[PDB]
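Undergrad: Sharing upload_14.pdb below, PDB, C-alpha atoms:
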ATOM      1  CA  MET A   1      -4.888  13.465   2.260  1.00  0.00           C
ATOM      2  CA  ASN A   2      -7.537  15.990   3.507  1.00  0.00           C
ATOM      3  CA  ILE A   3     -11.171  15.961   4.723  1.00  0.00           C
ATOM      4  CA  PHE A   4     -12.606  16.144   1.204  1.00  0.00           C
ATOM      5  CA  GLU A   5     -10.571  13.251  -0.151  1.00  0.00           C
ATOM      6  CA  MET A   6     -11.293  11.184   2.897  1.00  0.00           C
ATOM      7  CA  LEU A   7     -15.056  11.735   2.683  1.00  0.00           C
ATOM      8  CA  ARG A   8     -15.082  11.103  -0.915  1.00  0.00           C
ATOM      9  CA  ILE A   9     -13.537   7.676  -0.431  1.00  0.00           C
ATOM     10  CA  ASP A  10     -16.180   6.954   2.231  1.00  0.00           C
ATOM     11  CA  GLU A  11     -19.246   8.227   0.529  1.00  0.00           C
ATOM     12  CA  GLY A  12     -18.596   7.847  -3.201  1.00  0.00           C
ATOM     13  CA  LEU A  13     -20.050  10.020  -5.995  1.00  0.00           C
ATOM     14  CA  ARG A  14     -23.494   9.372  -7.603  1.00  0.00           C
ATOM     15  CA  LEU A  15     -25.142  11.752  -9.962  1.00  0.00           C
ATOM     16  CA  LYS A  16     -28.637  10.191  -9.796  1.00  0.00           C
ATOM     17  CA  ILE A  17     -30.891   9.974  -6.719  1.00  0.00           C
ATOM     18  CA  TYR A  18     -30.009   6.798  -4.774  1.00  0.00           C
ATOM     19  CA  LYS A  19     -30.762   5.071  -1.413  1.00  0.00           C
ATOM     20  CA  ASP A  20     -28.476   5.203   1.734  1.00  0.00           C
ATOM     21  CA  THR A  21     -27.201   2.204   3.469  1.00  0.00           C
ATOM     22  CA  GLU A  22     -30.204   3.219   5.495  1.00  0.00           C
ATOM     23  CA  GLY A  23     -32.650   3.215   2.679  1.00  0.00           C
ATOM     24  CA  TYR A  24     -32.728   6.991   2.466  1.00  0.00           C
ATOM     25  CA  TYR A  25     -32.881   9.119  -0.593  1.00  0.00           C
ATOM     26  CA  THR A  26     -29.445  10.708  -1.277  1.00  0.00           C
ATOM     27  CA  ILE A  27     -27.520  12.236  -4.098  1.00  0.00           C
ATOM     28  CA  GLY A  28     -23.911  13.385  -4.818  1.00  0.00           C
ATOM     29  CA  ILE A  29     -21.319  12.856  -2.202  1.00  0.00           C
ATOM     30  CA  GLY A  30     -23.491  11.523   0.602  1.00  0.00           C
ATOM     31  CA  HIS A  31     -25.986  14.451   0.563  1.00  0.00           C
ATOM     32  CA  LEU A  32     -29.119  13.109   2.297  1.00  0.00           C
ATOM     33  CA  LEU A  33     -32.213  14.568   0.671  1.00  0.00           C
ATOM     34  CA  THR A  34     -35.073  13.190   2.761  1.00  0.00           C
ATOM     35  CA  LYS A  35     -35.833  10.432   5.245  1.00  0.00           C
ATOM     36  CA  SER A  36     -39.291  10.134   3.575  1.00  0.00           C
ATOM     37  CA  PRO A  37     -40.253   7.160   1.479  1.00  0.00           C
ATOM     38  CA  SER A  38     -41.439   9.107  -1.637  1.00  0.00           C
ATOM     39  CA  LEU A  39     -39.120   9.563  -4.510  1.00  0.00           C
ATOM     40  CA  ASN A  40     -41.331  12.497  -5.137  1.00  0.00           C
ATOM     41  CA  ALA A  41     -40.587  14.204  -1.840  1.00  0.00           C
ATOM     42  CA  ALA A  42     -36.868  13.582  -2.680  1.00  0.00           C
ATOM     43  CA  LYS A  43     -37.075  15.062  -6.080  1.00  0.00           C
ATOM     44  CA  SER A  44     -38.619  18.114  -4.644  1.00  0.00           C
ATOM     45  CA  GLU A  45     -35.967  18.585  -2.023  1.00  0.00           C
ATOM     46  CA  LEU A  46     -33.393  18.099  -4.779  1.00  0.00           C
ATOM     47  CA  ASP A  47     -34.756  20.942  -6.888  1.00  0.00           C
ATOM     48  CA  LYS A  48     -35.021  23.144  -3.820  1.00  0.00           C
ATOM     49  CA  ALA A  49     -31.349  22.328  -2.976  1.00  0.00           C
ATOM     50  CA  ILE A  50     -29.938  23.096  -6.488  1.00  0.00           C
ATOM     51  CA  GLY A  51     -32.338  25.806  -7.586  1.00  0.00           C
ATOM     52  CA  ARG A  52     -33.376  24.142 -10.804  1.00  0.00           C
ATOM     53  CA  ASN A  53     -35.506  21.444 -12.183  1.00  0.00           C
ATOM     54  CA  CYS A  54     -33.280  18.529 -12.010  1.00  0.00           C
ATOM     55  CA  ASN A  55     -35.492  15.566 -12.648  1.00  0.00           C
ATOM     56  CA  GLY A  56     -33.448  13.488 -10.205  1.00  0.00           C
ATOM     57  CA  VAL A  57     -30.167  14.132 -11.883  1.00  0.00           C
ATOM     58  CA  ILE A  58     -27.307  16.613 -11.156  1.00  0.00           C
ATOM     59  CA  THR A  59     -23.873  17.510 -12.630  1.00  0.00           C
ATOM     60  CA  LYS A  60     -20.458  16.801 -11.044  1.00  0.00           C
ATOM     61  CA  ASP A  61     -20.184  20.430 -10.348  1.00  0.00           C
ATOM     62  CA  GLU A  62     -23.537  20.608  -8.530  1.00  0.00           C
ATOM     63  CA  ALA A  63     -22.423  17.566  -6.514  1.00  0.00           C
ATOM     64  CA  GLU A  64     -19.236  19.253  -5.421  1.00  0.00           C
ATOM     65  CA  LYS A  65     -21.107  22.408  -4.537  1.00  0.00           C
ATOM     66  CA  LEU A  66     -23.385  20.480  -2.198  1.00  0.00           C
ATOM     67  CA  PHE A  67     -20.279  18.708  -0.774  1.00  0.00           C
ATOM     68  CA  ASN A  68     -18.559  22.024  -0.047  1.00  0.00           C
ATOM     69  CA  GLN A  69     -21.691  23.237   1.837  1.00  0.00           C
ATOM     70  CA  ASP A  70     -22.050  20.022   3.802  1.00  0.00           C
ATOM     71  CA  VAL A  71     -18.414  19.965   4.956  1.00  0.00           C
ATOM     72  CA  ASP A  72     -18.594  23.648   5.981  1.00  0.00           C
ATOM     73  CA  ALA A  73     -21.797  22.993   7.884  1.00  0.00           C
ATOM     74  CA  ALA A  74     -20.278  19.938   9.637  1.00  0.00           C
ATOM     75  CA  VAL A  75     -17.253  21.982  10.907  1.00  0.00           C
ATOM     76  CA  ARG A  76     -19.512  24.893  12.003  1.00  0.00           C
ATOM     77  CA  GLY A  77     -21.737  22.515  13.778  1.00  0.00           C
ATOM     78  CA  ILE A  78     -18.819  21.017  15.666  1.00  0.00           C
ATOM     79  CA  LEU A  79     -17.620  24.566  16.634  1.00  0.00           C
ATOM     80  CA  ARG A  80     -21.097  25.536  17.854  1.00  0.00           C
ATOM     81  CA  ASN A  81     -21.653  22.442  19.842  1.00  0.00           C
ATOM     82  CA  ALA A  82     -20.876  22.477  23.555  1.00  0.00           C
ATOM     83  CA  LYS A  83     -20.106  18.881  23.695  1.00  0.00           C
ATOM     84  CA  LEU A  84     -18.121  18.727  20.439  1.00  0.00           C
ATOM     85  CA  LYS A  85     -16.056  21.841  20.505  1.00  0.00           C
ATOM     86  CA  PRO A  86     -13.852  20.889  23.416  1.00  0.00           C
ATOM     87  CA  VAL A  87     -12.933  17.551  21.912  1.00  0.00           C
ATOM     88  CA  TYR A  88     -12.236  19.104  18.496  1.00  0.00           C
ATOM     89  CA  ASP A  89      -9.969  21.758  20.018  1.00  0.00           C
ATOM     90  CA  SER A  90      -8.039  19.128  21.901  1.00  0.00           C
ATOM     91  CA  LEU A  91      -7.284  17.028  18.850  1.00  0.00           C
ATOM     92  CA  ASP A  92      -4.448  17.064  16.270  1.00  0.00           C
ATOM     93  CA  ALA A  93      -5.141  17.770  12.553  1.00  0.00           C
ATOM     94  CA  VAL A  94      -5.596  14.179  11.412  1.00  0.00           C
ATOM     95  CA  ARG A  95      -7.865  13.155  14.298  1.00  0.00           C
ATOM     96  CA  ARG A  96      -9.865  16.294  13.719  1.00  0.00           C
ATOM     97  CA  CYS A  97     -10.721  14.871  10.283  1.00  0.00           C
ATOM     98  CA  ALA A  98     -12.017  11.647  11.894  1.00  0.00           C
ATOM     99  CA  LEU A  99     -14.473  13.606  14.060  1.00  0.00           C
ATOM    100  CA  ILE A 100     -15.637  15.676  11.118  1.00  0.00           C
ATOM    101  CA  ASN A 101     -16.304  12.388   9.159  1.00  0.00           C
ATOM    102  CA  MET A 102     -18.499  11.065  12.011  1.00  0.00           C
ATOM    103  CA  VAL A 103     -20.492  14.323  12.149  1.00  0.00           C
ATOM    104  CA  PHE A 104     -20.996  14.308   8.361  1.00  0.00           C
ATOM    105  CA  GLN A 105     -22.431  10.807   8.461  1.00  0.00           C
ATOM    106  CA  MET A 106     -24.401  10.826  11.630  1.00  0.00           C
ATOM    107  CA  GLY A 107     -25.039  14.510  12.422  1.00  0.00           C
ATOM    108  CA  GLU A 108     -24.008  16.611  15.477  1.00  0.00           C
ATOM    109  CA  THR A 109     -26.598  15.065  17.624  1.00  0.00           C
ATOM    110  CA  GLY A 110     -25.708  11.515  16.919  1.00  0.00           C
ATOM    111  CA  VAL A 111     -22.011  12.050  17.607  1.00  0.00           C
ATOM    112  CA  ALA A 112     -22.609  14.107  20.759  1.00  0.00           C
ATOM    113  CA  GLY A 113     -24.279  10.959  22.060  1.00  0.00           C
ATOM    114  CA  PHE A 114     -20.992   9.072  22.139  1.00  0.00           C
ATOM    115  CA  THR A 115     -20.279  10.534  25.622  1.00  0.00           C
ATOM    116  CA  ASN A 116     -17.816   7.971  26.866  1.00  0.00           C
ATOM    117  CA  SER A 117     -15.700   7.770  23.694  1.00  0.00           C
ATOM    118  CA  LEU A 118     -15.586  11.582  23.464  1.00  0.00           C
ATOM    119  CA  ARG A 119     -14.232  11.642  27.038  1.00  0.00           C
ATOM    120  CA  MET A 120     -11.560   9.121  26.201  1.00  0.00           C
ATOM    121  CA  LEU A 121     -10.516  10.938  22.999  1.00  0.00           C
ATOM    122  CA  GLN A 122     -10.166  14.150  25.015  1.00  0.00           C
ATOM    123  CA  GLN A 123      -7.955  12.310  27.455  1.00  0.00           C
ATOM    124  CA  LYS A 124      -5.909  10.940  24.537  1.00  0.00           C
ATOM    125  CA  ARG A 125      -6.516   7.311  25.452  1.00  0.00           C
ATOM    126  CA  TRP A 126      -6.510   6.194  21.837  1.00  0.00           C
ATOM    127  CA  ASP A 127      -6.639   2.461  22.258  1.00  0.00           C
ATOM    128  CA  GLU A 128      -9.425   2.658  24.807  1.00  0.00           C
ATOM    129  CA  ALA A 129     -11.478   4.994  22.782  1.00  0.00           C
ATOM    130  CA  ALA A 130     -11.122   2.699  19.694  1.00  0.00           C
ATOM    131  CA  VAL A 131     -12.512  -0.285  21.608  1.00  0.00           C
ATOM    132  CA  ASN A 132     -15.437   1.881  22.980  1.00  0.00           C
ATOM    133  CA  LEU A 133     -16.330   3.420  19.530  1.00  0.00           C
ATOM    134  CA  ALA A 134     -16.654  -0.186  18.138  1.00  0.00           C
ATOM    135  CA  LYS A 135     -19.399  -1.001  20.561  1.00  0.00           C
ATOM    136  CA  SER A 136     -22.062   0.863  18.572  1.00  0.00           C
ATOM    137  CA  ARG A 137     -24.832   0.433  16.036  1.00  0.00           C
ATOM    138  CA  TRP A 138     -22.588   2.581  13.765  1.00  0.00           C
ATOM    139  CA  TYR A 139     -19.794   0.025  13.704  1.00  0.00           C
ATOM    140  CA  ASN A 140     -22.138  -2.926  13.338  1.00  0.00           C
ATOM    141  CA  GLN A 141     -24.094  -1.366  10.440  1.00  0.00           C
ATOM    142  CA  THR A 142     -21.080   0.059   8.437  1.00  0.00           C
ATOM    143  CA  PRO A 143     -18.105  -1.834   9.744  1.00  0.00           C
ATOM    144  CA  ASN A 144     -15.550  -1.102   6.948  1.00  0.00           C
ATOM    145  CA  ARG A 145     -16.095   2.617   7.075  1.00  0.00           C
ATOM    146  CA  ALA A 146     -16.265   2.688  10.977  1.00  0.00           C
ATOM    147  CA  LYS A 147     -13.020   0.741  11.036  1.00  0.00           C
ATOM    148  CA  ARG A 148     -11.262   3.219   8.803  1.00  0.00           C
ATOM    149  CA  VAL A 149     -12.411   6.128  11.037  1.00  0.00           C
ATOM    150  CA  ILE A 150     -11.514   4.242  14.124  1.00  0.00           C
ATOM    151  CA  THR A 151      -7.970   3.407  12.911  1.00  0.00           C
ATOM    152  CA  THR A 152      -7.600   7.091  12.147  1.00  0.00           C
ATOM    153  CA  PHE A 153      -8.415   8.046  15.753  1.00  0.00           C
ATOM    154  CA  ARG A 154      -6.248   5.193  17.032  1.00  0.00           C
ATOM    155  CA  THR A 155      -3.056   6.061  15.099  1.00  0.00           C
ATOM    156  CA  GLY A 156      -3.236   9.660  14.144  1.00  0.00           C
ATOM    157  CA  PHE A 157      -2.076   8.797  10.588  1.00  0.00           C
ATOM    158  CA  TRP A 158      -3.831   8.276   7.209  1.00  0.00           C
ATOM    159  CA  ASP A 159      -2.952   4.635   6.643  1.00  0.00           C
ATOM    160  CA  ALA A 160      -6.579   3.251   6.615  1.00  0.00           C
ATOM    161  CA  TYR A 161      -7.103   5.450   3.579  1.00  0.00           C
ATOM    162  CA  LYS A 162      -3.770   4.474   1.810  1.00  0.00           C
ATOM    163  CA  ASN A 163      -5.079   1.198   0.876  1.00  0.00           C
ATOM    164  CA  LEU A 164      -8.193   2.833  -0.516  1.00  0.00           C
TER
END
What is this file in structure tokens?

TA:
Amino acid sequence: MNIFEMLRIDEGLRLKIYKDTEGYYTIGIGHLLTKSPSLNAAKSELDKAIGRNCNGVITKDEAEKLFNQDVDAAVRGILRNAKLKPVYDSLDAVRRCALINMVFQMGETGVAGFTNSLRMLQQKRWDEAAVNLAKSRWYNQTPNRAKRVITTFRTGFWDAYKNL
């Protein structure tokens, strides 16, 4: 299992513009287009993103191209972030994937706000950090996904994703 397979279990693949758990316009593998309520604003961002007139629909290939950019940007954001970098460097390969998954879903900013859990993960207090991560809007709003990510940080293995 790797970061791309993991995220693709979590986000799914949709070739037509759709709404987020959040109500936001998205396409592909969890590629947020706009937080704006117009399908028209979304369509426009879509065409800007792909470089063609898409009419709200893309190919598998265009979806994976967006996914490759988003993953790359997530990692680079982690590496550039003063709060994130140190935690990332301290972690093993599997747990590194769990932090990347959080950043992909919630952005650099959002994750950097989990101060206390970040501190515990750095310290390698896995069980404590798992309890702390669960006390969040994130977990309450998307519990099955949060629980998979959390188990991943807890154990350091890919079992939460075996099932799936």

Undergrad: Measuring atom to atom with all atoms listed in the file, identify which of A:2, A:34, A:140, A:163 is nearest to residue A:100.

TA: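 Ranked by minimum distance to residue A:100, first place goes to A:2.
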
Undergrad: Quick one: pull the distance between atom CA of residue A:94 and atom CA of residue A:156, Å, one decimal.

TA: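 One can read the atom CA of residue A:94 to atom CA of residue A:156 distance as 5.8 Å.
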
Undergrad: Using the chain letters and numbers from this file, what does the PyMOL selection byres ((chain A and resi 40-57) around 7) select? Give the answer as a list in words.

TA: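 Listing what the PyMOL selection byres ((chain A and resi 40-57) around 7) selects in the shown file: residues 15, 16, 17, 25, 33, 34, 36, 38, 39 and 58 of chain A.
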
Undergrad: Which residues, written as a JSON list (two decimals) with C-alpha atoms, in the coordinates of the input, have at least one atom at most 8 Å from stretch 120-125 of chain A, with all atoms listed in the file counted and residues fewer than 3 positions away on the same chain left out?

TA:
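Printed below is out.json as written:
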[["chain", "number", "residue", "atom", "x", "y", "z"],
["A", 86, "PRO", "CA", -13.85, 20.89, 23.42],
["A", 87, "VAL", "CA", -12.93, 17.55, 21.91],
["A", 90, "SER", "CA", -8.04, 19.13, 21.90],
["A", 91, "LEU", "CA", -7.28, 17.03, 18.85],
["A", 116, "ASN", "CA", -17.82, 7.97, 26.87],
["A", 117, "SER", "CA", -15.70, 7.77, 23.69],
["A", 128, "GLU", "CA", -9.43, 2.66, 24.81],
["A", 129, "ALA", "CA", -11.48, 4.99, 22.78]]

Undergrad: Take atom CA of residue A:142 and atom CA of residue A:68 and report the distance between them in Å, one decimal.

TA: 23.7 Å

Undergrad: Where does the PyMOL selection byres ((chain A and resi 21-23) around 9) land in this file, that is, which residues does it pick, as a list in words?

TA: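 For this structure, the PyMOL selection byres ((chain A and resi 21-23) around 9) captures residues 18, 19, 20, 24, 25, 35, 37, 141 and 142 of chain A.
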
Undergrad: Suppose a student applies the PyMOL selection byres ((chain A and resi 150) around 9) to this structure; what residues should they get, written as a ChimeraX atom specification?

TA: /A:98,129-131,133-134,145-149,151-155

Undergrad: Please produce an output containing C-alpha atoms for each residue in the selection, written as a PDB file, in the coordinates of the input.

TA:
ATOM      1  CA  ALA A  98     -12.017  11.647  11.894  1.00  0.00           C
ATOM      2  CA  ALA A 129     -11.478   4.994  22.782  1.00  0.00           C
ATOM      3  CA  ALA A 130     -11.122   2.699  19.694  1.00  0.00           C
ATOM      4  CA  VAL A 131     -12.512  -0.285  21.608  1.00  0.00           C
ATOM      5  CA  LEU A 133     -16.330   3.420  19.530  1.00  0.00           C
ATOM      6  CA  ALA A 134     -16.654  -0.186  18.138  1.00  0.00           C
ATOM      7  CA  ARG A 145     -16.095   2.617   7.075  1.00  0.00           C
ATOM      8  CA  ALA A 146     -16.265   2.688  10.977  1.00  0.00           C
ATOM      9  CA  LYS A 147     -13.020   0.741  11.036  1.00  0.00           C
ATOM     10  CA  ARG A 148     -11.262   3.219   8.803  1.00  0.00           C
ATOM     11  CA  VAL A 149     -12.411   6.128  11.037  1.00  0.00           C
ATOM     12  CA  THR A 151      -7.970   3.407  12.911  1.00  0.00           C
ATOM     13  CA  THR A 152      -7.600   7.091  12.147  1.00  0.00           C
ATOM     14  CA  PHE A 153      -8.415   8.046  15.753  1.00  0.00           C
ATOM     15  CA  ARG A 154      -6.248   5.193  17.032  1.00  0.00           C
ATOM     16  CA  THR A 155      -3.056   6.061  15.099  1.00  0.00           C
TER      17      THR A 155
END

Undergrad: Considering all atoms listed in the file, return as a PyMOL selection string whatever protein or nucleic-acid residues lie within 12 Å of residue A:107, sequence-local ones (same chain, fewer than 2 positions apart) excluded.

TA: chain A and resi 31-32+70-71+73-78+81+84+99-105+109-114

Undergrad: Work out how far atom CA of residue A:13 is from atom CA of residue A:62, in Å to one decimal.

TA: 11.4 Å

Undergrad: Within 10 Å of residue A:6, counting all atoms listed in the file, which residues qualify if same-chain residues fewer than 2 places away don't, as a PyMOL selection string?

TA: chain A and resi 1-4+8-11+97-98+101+148-149+158+160-161+164

Undergrad: Next, dump the selected residues to file, keeping only C-alpha atoms, as a PDB file, keeping the file's coordinate frame.

TA:
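Output file result.pdb follows:
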ATOM      1  CA  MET A   1      -4.888  13.465   2.260  1.00  0.00           C
ATOM      2  CA  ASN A   2      -7.537  15.990   3.507  1.00  0.00           C
ATOM      3  CA  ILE A   3     -11.171  15.961   4.723  1.00  0.00           C
ATOM      4  CA  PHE A   4     -12.606  16.144   1.204  1.00  0.00           C
ATOM      5  CA  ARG A   8     -15.082  11.103  -0.915  1.00  0.00           C
ATOM      6  CA  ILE A   9     -13.537   7.676  -0.431  1.00  0.00           C
ATOM      7  CA  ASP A  10     -16.180   6.954   2.231  1.00  0.00           C
ATOM      8  CA  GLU A  11     -19.246   8.227   0.529  1.00  0.00           C
ATOM      9  CA  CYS A  97     -10.721  14.871  10.283  1.00  0.00           C
ATOM     10  CA  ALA A  98     -12.017  11.647  11.894  1.00  0.00           C
ATOM     11  CA  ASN A 101     -16.304  12.388   9.159  1.00  0.00           C
ATOM     12  CA  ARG A 148     -11.262   3.219   8.803  1.00  0.00           C
ATOM     13  CA  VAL A 149     -12.411   6.128  11.037  1.00  0.00           C
ATOM     14  CA  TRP A 158      -3.831   8.276   7.209  1.00  0.00           C
ATOM     15  CA  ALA A 160      -6.579   3.251   6.615  1.00  0.00           C
ATOM     16  CA  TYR A 161      -7.103   5.450   3.579  1.00  0.00           C
ATOM     17  CA  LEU A 164      -8.193   2.833  -0.516  1.00  0.00           C
TER      18      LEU A 164
END
